[PDB]
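J.: A single structure is presented below for examination.
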Amino acid sequence: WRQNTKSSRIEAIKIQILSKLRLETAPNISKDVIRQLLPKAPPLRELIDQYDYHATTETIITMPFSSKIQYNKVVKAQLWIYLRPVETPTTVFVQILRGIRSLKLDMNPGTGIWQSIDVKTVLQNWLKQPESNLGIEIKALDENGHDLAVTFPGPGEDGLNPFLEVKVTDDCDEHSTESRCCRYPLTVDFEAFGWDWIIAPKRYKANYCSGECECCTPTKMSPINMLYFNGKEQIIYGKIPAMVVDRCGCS
Amino acid sequence: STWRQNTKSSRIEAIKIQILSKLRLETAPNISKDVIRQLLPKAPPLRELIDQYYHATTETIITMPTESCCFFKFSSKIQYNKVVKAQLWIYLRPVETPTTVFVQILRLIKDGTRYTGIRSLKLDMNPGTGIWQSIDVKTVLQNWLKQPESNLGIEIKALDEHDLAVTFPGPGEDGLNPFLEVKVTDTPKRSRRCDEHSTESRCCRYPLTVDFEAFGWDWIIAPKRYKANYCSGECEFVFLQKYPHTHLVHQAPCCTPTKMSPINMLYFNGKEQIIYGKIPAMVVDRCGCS
């Protein structure tokens, strides 16, 4: 069935291309006309010889590091500490150690301070070289000497364990098989049919879904860059979205 | 009582695996309500995240000369602020003797002289081969799109000790005519763009919600319940290629979603970690025939 529906599949993209390109009709210009119209210049040859999105991670909160993290990919990192409510007004001397951080602050009775500390430079230093420095150490001495820091989560803690939040930036058919639905390979050769104004790419692989499922339609679609002619002679370069089929799914 | 009752249990299973595959997870994490009560930390930075509830793009345009020498006609569609970098190009013919060239570019504006200096340049030339020369016109092109009544043509000169500039393309030129290479940023320009209970008819977005807390997915804290409707029906495709001669497809064409909006999700990693992200294409807005 693929032999007859191959001539119909290439016609489906042929119009999809002309519609996406905001063109009413394809321009009529001969191979001898384009040979003089297309200028052989360095800025054009640089773009011509240039051939020869399912998940996003924003903020990652760690518990008392991941194997996939770059030292320059990080945006902002800060280690959070919960201090237990005091009964008597006493000053605390918090110190986050793993070189360390140090802060001194007063504390009134009945307050649950959640003071946090910037670790951005330390979290980047770990990933850049040692990769072996994951050490939990935090102190918060009261005026008497009792540590108010939640080093080891207590029985009546219920969501008070310290954490480090870090904001971070970012074919199978082969024309000879039978299964539920597979991406059967399919190429598009513009130079082989009618026009020759498609400067680049003259031949591009698109592929298509074919099966019964449990209908079958593409899931992942990647765009392709293209240089083409226009009215009043305007050699335009652009990027046509969703033209190549990568994955097939059931929907 | 209809097809929707049986397909409802299968539709939620289709997203269940889709969510995991997108999340790059091999299996869904097994966490009890008592486990998450101690794992999820009650802190201000956490409660902040929890209470947090398509044409062909154009990049570079190269214009060609016309008559009304070397008069260029830009499109009225492109804006003066949309331009990035504009450069006029000139090809100089190969010389026989080493001689310096005084290239001069001028825009015609109506003492009423028909000339205004764009960029005058002087450069030496060896008798080897022919070379190009780029000239920035960005400031002139922007003033051209701003007032197209004064968008008159330009004149190119290249005197040597005879004009070596390719004003009028020769017989043995073959790709050497002057052009205007312009880089532009294409604005998205998104224009403005069903069944409730019974009478299914021919495909309409039938409402469908997903409750993770109901199906044993208590390991995710937000969003516990989210609407993600689905398409249901049948049709025949009709592509209007070369109107009035409209083409038509008939399988011996099905209903699938067209517009899909993503959703932000707060979940738990297999390393006991807690990650926040945005899963793409999870909510179905429009249904189409493809």
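Chain labels follow the order of the structure tokens: the first chain is A, the next B, and so on; residue numbering restarts at 1 in every chain, and ligands are counted from 1 in their shown order.
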Counting only C-alpha atoms, collect the residues of chain B whose closest atom lies at most 8 Å from chain A, and write them out as a ChimeraX atom specification.

T.: /B:22-24,37-43,54-64,132,173-177,239,241-242,254-256,272-280,290

J.: Please return as a ChimeraX atom specification: the residues of segment 10-248 of chain A that backbone DSSP assigns to strand (DSSP E or B).

T.: /A:57-62,74-80,83,92-97,100-105,116-118,137-141,147,149,163-168,181-184,187-189,200,203-205,208-211,216-228,234-248

J.: Once DSSP has gone over the backbone, tell me which residues of segment 47-199 of chain A are in alpha helix (DSSP H), as a VMD selection string.

T.: chain A and resid 47 to 48 120 to 128

J.: Smallest atom-to-atom distance to residue 179 of chain B: which of B:126, B:1, B:150, B:87, using only C-alpha atoms?

T.: B:87

J.: Leaving out residue 203 of chain B and any residue of its chain fewer than 6 positions from it, which residues lie within 7 Å of it when counting only C-alpha atoms, given as a PyMOL selection string?

T.: chain B and resi 231-234+255

J.: Taking N, CA, C and O atoms for each residue, export the selection above as an mmCIF file, in the first residue's frame.

T.:
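Heads up, here's the output in result-v1.cif:
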data_model
loop_
_atom_site.group_PDB
_atom_site.id
_atom_site.type_symbol
_atom_site.label_atom_id
_atom_site.label_comp_id
_atom_site.auth_asym_id
_atom_site.auth_seq_id
_atom_site.Cartn_x
_atom_site.Cartn_y
_atom_site.Cartn_z
ATOM 1 N N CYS B 231 -9.740 14.439 22.045
ATOM 2 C CA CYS B 231 -10.529 14.443 20.810
ATOM 3 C C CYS B 231 -11.255 13.112 20.618
ATOM 4 O O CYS B 231 -10.700 12.055 20.939
ATOM 5 N N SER B 232 -12.489 13.154 20.066
ATOM 6 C CA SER B 232 -13.282 11.941 19.830
ATOM 7 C C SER B 232 -14.253 12.114 18.654
ATOM 8 O O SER B 232 -15.230 12.856 18.767
ATOM 9 N N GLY B 233 -13.995 11.390 17.559
ATOM 10 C CA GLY B 233 -14.842 11.421 16.367
ATOM 11 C C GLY B 233 -14.187 10.830 15.132
ATOM 12 O O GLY B 233 -13.245 10.038 15.242
ATOM 13 N N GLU B 234 -14.683 11.221 13.932
ATOM 14 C CA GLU B 234 -14.143 10.756 12.643
ATOM 15 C C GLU B 234 -14.419 11.783 11.539
ATOM 16 O O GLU B 234 -15.404 12.524 11.623
ATOM 17 N N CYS B 255 -8.969 12.025 13.707
ATOM 18 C CA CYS B 255 -9.018 13.197 14.583
ATOM 19 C C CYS B 255 -7.911 13.176 15.628
ATOM 20 O O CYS B 255 -7.795 12.218 16.394
#

J.: Please provide the set of residues having any atom within 12 Å of residue 9 of chain B, restricted to only C-alpha atoms, with same-chain residues fewer than 5 positions apart removed, written as number ranges by chain.

T.: B: 3-4, 14-16, 208-210, 215

J.: Could you pull the residues within 8 Å of segment 135-140 of chain B, counting only C-alpha atoms, minus those fewer than 3 positions along the same chain, as number ranges by chain?

T.: B: 83-89, 118-119, 143-144

J.: Please provide the set of residues having any atom within 12 Å of residue 142 of chain A, restricted to only C-alpha atoms, with same-chain residues fewer than 2 positions apart removed, written as an NGL selection string.

T.: :A and (83-94 or 104-108 or 139-140 or 144-149)

J.: Looking at A:103, A:96, A:76, A:185, which one is nearest to residue 120 of chain A, with distances taken over only C-alpha atoms?

T.: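 Under the stated criterion, the closest residue is A:76.
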